[PDB]
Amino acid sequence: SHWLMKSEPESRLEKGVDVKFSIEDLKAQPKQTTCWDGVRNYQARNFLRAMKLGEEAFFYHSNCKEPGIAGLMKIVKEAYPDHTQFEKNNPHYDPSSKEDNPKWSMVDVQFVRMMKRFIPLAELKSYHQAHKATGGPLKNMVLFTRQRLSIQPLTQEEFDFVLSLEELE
């Protein structure tokens, strides 16, 4: 399995709290690792639960001015409870979640490297749209299939094409 994980590159307040966290903030983490908290989308959650140690995931910046894939990271820790679903403080708090059996989960990713060059959502859309008429590996990419999924699986095909655009100028 291969994945795509979205996060806020530039600052933005939610329920009063800032959810900012780009690829650089991950690199700036001890051992360049962090807990990918926040996810409250059932379909997104069930993917987090299905991730295996070692599998890789593109770090996607969900920005307005410059959305795209800036780098790569890996899963070093399998799903477990998201501590913030309970902290009444956090904007992702959930009253319906029992500590006895949490509804929300998270995983731990470690930084690996950056793309040999940034990949704009614009670049991804054109090829995607292109393949969507000629027949290509990005014909059914989730990034364009699910406009609102923060955690997404990618077939080796799509993954191989994203990496190939990395070796182009």
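Sequential numbering from 1, following the sequence displayed.
A.B. asks: On average, are the C-alpha B-factors higher in 48-56 or in 28-36?
C.D. replies: Taking the mean B-factor of the alpha carbons in each, 28-36 is higher.
A.B. asks: Which of the two stretches, 125-133 or 105-113, shows the higher mean Cα temperature factor in the record?
C.D. replies: Between 125-133 and 105-113, it is 125-133.
A.B. asks: Split the chain's modelled residues into thirds by Cα B-factor; is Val19 in the lowest, middle or highest one?
C.D. replies: Highest third - that is where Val19 ends up once the chain's C-alpha B-factors are sorted.
A.B. asks: Where does the C-alpha B-factor of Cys64 rank in its chain, lowest, middle or highest third?
C.D. replies: For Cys64, whose C-alpha B-factor we compare with every modelled residue in the chain, the answer is the highest third.
A.B. asks: Against its chain's modelled residues, does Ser11's Cα B factor rank lowest, middle or highest third?
C.D. replies: It belongs to the highest third of the chain when residues are ordered by C-alpha B-factor.
A.B. asks: Would you mind ranking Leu168 by its C-alpha B-factor against the rest of the chain and naming the third, lowest, middle or highest?
C.D. replies: Highest third of the chain for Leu168's C-alpha B-factor.
A.B. asks: Lowest, middle or highest third: where is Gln156 by C-alpha B factor in its chain?
C.D. replies: According to the entry, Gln156 has a C-alpha B-factor in the chain's highest third.
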